[PDB]
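# What the coordinates show
One letter stands for each residue in the lines below.
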Amino acid sequence: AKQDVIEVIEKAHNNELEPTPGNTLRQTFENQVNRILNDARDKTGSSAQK
Amino acid sequence: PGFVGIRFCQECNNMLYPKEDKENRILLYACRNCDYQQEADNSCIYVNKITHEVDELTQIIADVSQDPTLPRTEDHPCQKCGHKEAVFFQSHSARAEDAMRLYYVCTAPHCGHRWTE
Amino acid sequence: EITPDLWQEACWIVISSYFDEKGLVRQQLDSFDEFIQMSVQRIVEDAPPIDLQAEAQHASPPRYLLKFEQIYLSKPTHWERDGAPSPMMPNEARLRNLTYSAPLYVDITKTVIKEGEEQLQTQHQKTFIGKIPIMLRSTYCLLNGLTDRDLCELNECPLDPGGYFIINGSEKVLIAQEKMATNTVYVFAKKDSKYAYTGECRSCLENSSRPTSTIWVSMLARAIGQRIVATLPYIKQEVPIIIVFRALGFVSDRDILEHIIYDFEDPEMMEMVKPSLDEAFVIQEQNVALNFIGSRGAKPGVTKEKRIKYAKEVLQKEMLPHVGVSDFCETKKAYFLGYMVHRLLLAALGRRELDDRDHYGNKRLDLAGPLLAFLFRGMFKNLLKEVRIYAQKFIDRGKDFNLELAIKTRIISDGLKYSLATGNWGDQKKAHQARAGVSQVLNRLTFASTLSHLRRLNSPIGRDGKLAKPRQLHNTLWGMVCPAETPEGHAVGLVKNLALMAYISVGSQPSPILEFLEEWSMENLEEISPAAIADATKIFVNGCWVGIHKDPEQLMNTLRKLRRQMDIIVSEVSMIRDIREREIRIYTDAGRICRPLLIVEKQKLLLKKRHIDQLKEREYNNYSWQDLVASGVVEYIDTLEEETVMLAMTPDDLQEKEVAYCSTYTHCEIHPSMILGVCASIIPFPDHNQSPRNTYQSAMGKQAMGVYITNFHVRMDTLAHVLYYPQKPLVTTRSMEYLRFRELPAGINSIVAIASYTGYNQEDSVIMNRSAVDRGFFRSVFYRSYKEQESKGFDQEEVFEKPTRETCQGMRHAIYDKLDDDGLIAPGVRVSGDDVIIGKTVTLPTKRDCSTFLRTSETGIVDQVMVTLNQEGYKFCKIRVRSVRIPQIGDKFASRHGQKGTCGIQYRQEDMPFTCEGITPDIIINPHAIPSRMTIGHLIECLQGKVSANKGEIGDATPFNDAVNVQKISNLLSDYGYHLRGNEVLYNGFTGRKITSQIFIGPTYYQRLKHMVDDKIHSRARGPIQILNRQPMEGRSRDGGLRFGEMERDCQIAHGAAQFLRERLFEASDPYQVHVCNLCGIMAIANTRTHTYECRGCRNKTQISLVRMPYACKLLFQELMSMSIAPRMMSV
Amino acid sequence: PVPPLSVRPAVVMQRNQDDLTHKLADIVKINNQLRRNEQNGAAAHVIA
Amino acid sequence: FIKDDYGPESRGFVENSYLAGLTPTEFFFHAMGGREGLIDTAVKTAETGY
Amino acid sequence: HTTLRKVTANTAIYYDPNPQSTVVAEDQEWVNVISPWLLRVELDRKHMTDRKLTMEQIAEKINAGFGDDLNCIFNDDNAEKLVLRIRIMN
Amino acid sequence: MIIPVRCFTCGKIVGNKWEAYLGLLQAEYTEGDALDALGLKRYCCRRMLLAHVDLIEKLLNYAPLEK
DNA sequence: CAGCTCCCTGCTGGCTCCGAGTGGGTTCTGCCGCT
Ligand SMILES: [Zn+2]
Ligand SMILES: [Zn+2]
Ligand SMILES: [Zn+2]
Ligand SMILES: [Zn+2]
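Residues numbered from 1 in each chain as written, not as in the entry; some residues may be left out. Chains lettered and ligands numbered in written order. Part of a larger assembly, values for the part shown. Heavy atoms only, no water.

- Structure determination for this entry, per the PDB record, employed cryo-EM and reached 3.2 Å resolution.

### Remarks on the overall build of chain B
- A count of helices and strands for chain B gives zero helices and eight strands.
- Moving toward the C terminus, one meets the helices and strands of chain B in the order β-β-β-β-β-β-β-β.
- Radius of gyration (C-alpha) of chain B: 22 Å, far over the 13 Å computed for a compact globule of 117 residues.
- For the C-alpha atoms alone, the extent of chain B along its principal axes is close to 65 × 30 × 25 Å.
- The long-range share in chain B, meaning contacts at least 24 apart out of those at least 6 apart in sequence, stands at 31%.
- Only carbon and sulfur atoms are counted for the fraction: they give 49% of the accessible area of chain B, which is about 6300 Å².
- Of note, chain B has its 12 positive side-chain charges centred 3 Å away from the centre of its 18 negative side-chain charges. (Helix = DSSP H or I, 4+ residues; strand = E, 2+ residues; numbered from the N terminus. Rg over C-alpha atoms; globule rule 2.2 N^0.38 Å. Contact = heavy atoms within 4.5 Å. Areas by Shrake-Rupley, 256 points an atom, 1.4 Å probe, with all protein chains shown as cover. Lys, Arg positive; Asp, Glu negative; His and termini not counted. Charge placed at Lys NZ, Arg CZ, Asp CG, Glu CD.)

### Re the pattern of salt bridges
Residue and element names in this part refer to chain C.
- Summed over all chains, the structure comprises 68 salt bridges over all chains.
- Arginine 770 serves as the salt-bridge partner of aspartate 774, at 3.4 Å between the closest nitrogen and oxygen. Residue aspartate 774 and its partner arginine 770 are both found in helix α23 (residues 770-775); the two are separated by four residues, about one turn of the helix.
- What makes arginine 770 partly exposed here is its relative accessible area of 37%.
- Beyond isolated ion pairs, a larger network of salt bridges with shared partners links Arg94, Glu156, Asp160, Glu171, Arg444 and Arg715. (Salt bridge = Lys/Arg side-chain N within 4 Å of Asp/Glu carboxyl O. Buried < 20%, exposed > 50% of the residue type's maximum accessible area, 1.4 Å probe, protein only.)

### What about the coordination of the zinc ion (ligand 4)?
All names here are of chain G.
- For the zinc ion (ligand 4), the protein coordination sphere consists of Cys7 (SG), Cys44 (SG), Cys45 (N) and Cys45 (SG), at 2.3 to 2.5 Å.
- Each of the four donor atoms around the zinc ion (ligand 4) contributes to a set of angles spanning 77 to 126°, which defines the coordination as irregular.
- Read in sequence order, the donor residues for the zinc ion (ligand 4) give the motif C-x36-C-C.
- According to the relative accessible area criterion, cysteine 44 is buried, its value standing at 0%.
- Assessed through its relative accessible area of 1%, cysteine 45 is described here as buried. (Donors = N, O, S within 2.8 Å, 3.2 Å for Na, K, Ca; no water. Tetrahedral: all angles 85-135°; square planar, octahedral: opposite > 155°, others 65-115°.)

### Things to note about the protein's contact with DNA strand H
Residue and element names in this part refer to chain C.
- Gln428, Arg784, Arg855, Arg1036 and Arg1043 are the nearest of the 25 residues found near DNA strand H.
- The element best represented in the surface near DNA strand H is helix α13 (residues 409-422), accounting for three residues.
- Taken together, the residues that form the surface near DNA strand H break down as seven nonpolar, eleven polar and seven charged. (Near = heavy atom within 4 Å. Nonpolar A, V, L, I, M, F, W, Y, C, P; charged D, E, K, R; others polar.)

### Description of helix α26 (residues 966-974) of chain C
Residue and element names in this part refer to chain C.
- When α26 is considered as a whole, its buried residues turn out to be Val966, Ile969, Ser970 and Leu973. For α26, the buried positions fall inside an angular range of 100° around the axis, keeping them on one side.
- On its buried face, α26 is in contact with α25 (936-951). (Arc of directions from axis to C-beta.)

### Brief notes about helix α5 (residues 241-248) of chain C
Residue and element names in this part refer to chain C.
- Taken across its eight residues, α5 has eight buried, putting it largely inside the fold.
- Listed as buried for α5 are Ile241, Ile242, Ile243, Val244, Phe245, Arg246, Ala247 and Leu248.
- Downstream of α5 by a residue or two, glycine 249 has a phi angle that is positive, lying close to 135°.

### Re the nonpolar core
All names here are of chain C.
- Membership of the largest hydrophobic core comes to 67 residues, with the highest contact counts inside it found for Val217, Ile241, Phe336, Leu345 and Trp545.
- Per-element tally for this core: the top contributor is helix α10 (residues 330-349), with 13 residues.
- Excluding residues that lie within four positions of it along the chain, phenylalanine 336 makes contacts with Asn183, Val185, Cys201, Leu320, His322, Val323, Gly543, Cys544 and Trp545.
- The next biggest cluster of nonpolar side chains, apart from the first, holds 63 residues, and it includes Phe35, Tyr64, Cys141 and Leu383. (Core = buried A, V, L, I, M, F, W, Y, C linked by side-chain atoms within 4.5 Å.)

Below you can see the structure in the form of structure tokens.
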């Protein structure tokens, strides 16, 4: 998850990240980061319950 | 396009204002205090950039390189002097519509080079 | 040399040195000392001399100056016309309800000229102004520098931190008050207003009598558009800035623009500055602009030359005092105002960003020093403006005057005493206007509570406000304000305590910094032209723009070099270089909150093995924290300088060759656990808990009962709570030895079993061991003190005696034989509710008693009785009563993790579960309190406590230790014959069958809180009644009744119990009957014994109705009739 | 209308009068002063 | 944290659990997060009761 | 809702003594062609083709809002640059 | 204040062990060796001396009320 | 047809509101003087 966040940051820095329609670059970067972190937290939680 | 810049009266050092010399049909800048006139060389009075496509490199200054709190990378070298280490950061500017783009400043002082990638 | 893997001891050794050299109330002590040393001197000297004439003539007048200086202050003294004066012991002041104050003296020189050109000046040395209350353990307190043996000889606690005032024998603590920093420019953008951006700079001279004269420079929010205005103090309307500059003295326009836009090649600045320029092309010279400002003034002059002078005075003194008030400071004021406008334009263009209001770099702390300075200045001005009145009253007749009679010594001392005793910070006339909450009564229930109250900040913003932004924990609170510790009530985030190593700057003169600055290569504003001001950097000193320097680098290094050797710049001064924006600011004022940080060169600390060694052998080499600072190893960094610096949490883990993150560190933290406060530094494993749990523990640490002070037996104090057998925790943080928690602990290391035994702990409650309580577990004693003084009229003399029934008229059924014939009880007598303690009677013009009765349902024993004389020379008695509080069910108990709970049942040792051995848990808590609260720190504490009690070592629970974890603790426990995860096989105490599940059990440090149930339980059955409305009284002490409030009324409506609602609100509170006329609904007059019922205004006397009413309803009707409203109640 | 003693009770030696009783005392003071001035002096200025 | 650090550790993500403990940055961030809920609990009452 | 701020890049005014002179080099005005002080606004293709407008629609909106107090001279939708010039009639 | 007479949990007498415990600590003995030299096998009894703070000594530094 | 009258709209300043209870504590209920 950290590697994915880092590479998303890289894509945003190299202007390689296309803004989501209906959102600006800042909020779409925020959305990607939040999605990655929430997916990581959900997967770790599910592994815990398993 | 360019930007129009205010320049001042040589007599009383005040702001010129645009005027039309109706007889010659030529633009004249007139001080409302004194009778001084001068012919304008730009022919433009007012410019307003609504899209505000701004080159932040002009507002970036060289001494930002010695900031201890800025990140440092050797992956991107400087172009004139080829210095290995470079300091990079984001816009740090309000009303940056959509910009996560990094602005780089070269260390090894007296270089002060600034670029964008 | 470099110190590897010895950090865990080196950092705590240097922390111990810091807490040895500096105490825990160091900010209080330093602020008060600096106040009474220099700020009182400057306040008393800068006051102008008063010259006073006669009434302009006598027949068809000379004056004098009376100037004084050179204040003198003496040590506290006590006796008046009865013996030769003697020093006041602070304990004596506490006992006799005196004010532990010190007299201050001045020498005055009154020089008087009358006629003939002959000048005689008479100087009066040691003139008495008043007595200033003085802080304990201060540099002029009588306990200064005394050894522990001497402090014990004086019945003082060696562990008492001091830092508080004794006034009327009550400890007062000046709570630090936050405020916006002064002399600094803030650009804000309020949402809904006529203007978009506004730049304010509240300004103050070096502690002048003038208040914060705040000036706003604002920009309109949309023809032409975006004009710039500047609302000015003592000016009713906003004034365009260009008019302000022309009034200030700049006739031209290029000169004005040279002070705002520093580089003329930037046309974007010009395009926004010209809309304000073209607004004011009708004013061209200074005098018309002065007239324009004067017309807008609060006091508009009638003629032109009066407005000119008024506006000139406003520009000279009201606007921007900190940049200078002198004959010619126009250029400097213009430069600073143009800088303010430039700052506003930078925010408008987006070149910079808006300043944050919650950024505690922008905040300043008003400690005892600054607060007492602000209040003493006003009282001193009031004293001068009455010396002047006395002088006028004698010189109008012109006979002579006496300065000894002129000086009213009452005003200064009484103002200080009133302000510190009440908390209303200001003049007594404006009690409602002055802000309250300052100088609270010191909380003396636990030593940790006392430390927390002595280290506390306050945000003077309105409470009960829906704007949560001020209340939120700001990022700049790292290491200077405890994140966990804050009250949970309506003061969340507003009342915040102080971090451990956080220190508040005390202030010093910036003049040495000024002379140092002016001699390297910088230029003052008057010397240079704005041609070269754009490429260079602007220097600010205490917020005033001093000059310009071409080379920011190697001057920043020079300033740091001097500060690291303390050559000219003291350690508290902070130098801040903004780099992307060219400002370089130096701050020296008081109230800057700062904390010590290590110095880091290339990638190595300046702290070395030699430093650690020579400081470890302290008390012989005396290499103290001050020597460590002088070595250039540590610096004090405030929030401003913390913005422009790069820190590392741990030198070992963050300064090494690896995948590079920064590799450009500048400072390192001594230990991250120092970001906590005092009450939050006693939490074991606080990073293993949910933060609201830590906040609740920081709140309840002030309520845990223990030995709150060593001299609690000499300390005659109301509501004193001490535990029989306090214990230092088995598992502790390394920060407790600096809070002295292991010397005055509040709690007992109980063996808890987190299990559901019977169900009496289900909802967050707890079972206690009855046998342990019998053995003395959490047993405490409650001290309550009763005071009384005899006196008050010409013949109504109060006297202590045994009231005798035939002599005194009014008496309770209480037995008075327990009193001795002097009117008091001898110590050691059993007492109970409604038992007389102080027999006091007043002469009746036979006699009526005013005897003090013991508070109902207390039922204690008198401990000691003291008799003395108050400051009025009347007999004064204080009596302290012991009452032990055996832990019963309902008593509120809590752990060090915010797991509170009242005892639900107490089982004996036989009824209590037990291990394979005879170990029965002292405490059983519900396991259903862990999973939602998530106090994993509680479980780790319970594990480490067993590990420690088996190993013989004291457990270590430093928050960020990283050298101990659950796996290591489990492996250590497994070596002692126990299950590695702390679980044990308990047996049922009743049946003997072993419990199917295995019980988690181990020693955990529980605390007993002050919230006993015997202090809260009360009932009522037609008790006492209020006087205004005949409803039941309010309060447990007054035998009052509970409030059947507006929501309970609504709940009964929803139940549809109308008869019960009427019973509650009518018969159970105040049944009453009134007589009302049938013709007019006005209350009539009833004479029941003669049965004569007449309603005047009608002359009926025949048709009269009786209606049953609540007394509150009758009194509402009477109030309405007093308001001329006529509520007429016809029964038809 | 002046409210009765029940609306504005006076406690004994804290006798201490009520906050409304003090205002009523001011009312009667100024009413008597205004009355006596308006017959005897009739200055028509201090009356305002 | 270095300037303009949008990484998970630099903006409040806590990759540690309540067992491993919180690194001091994560502890401060969690305290600041819980402070918001604590403030909301007190502020909400004066509106809800009204 | 769309204002003309949303679609324009920058706005500039000049003093052209003759509309025929074309102080700015624009052959479109040369081929297309009474006040000397004129107005010039540059739009962008991005928002223009996002919201599907035309220079004809913008010009007719101007003419309806302000009447025949001004004449808009717009470049065709063929050049890379999006220009419309504004005068004021007498 | 003073060492409790009995352990709260166990009830084993601990009141007589404090002075001997301090004497043993006034030697090479560690706490873990002093506790079981005094015969404290259960940690309930061990914590009684291990975590005890002896405040009676700080209390005795003050002059008494009488003479 | 130009000038005067009136009714509507728009905008600004002003007033009232801001959980339920509960336990404690504290100071404060004027002072100067002048007949
Ligand atoms: Zn001119
Ligand atoms: Zn370079
Ligand atoms: Zn009637
Ligand atoms: Zn035991």
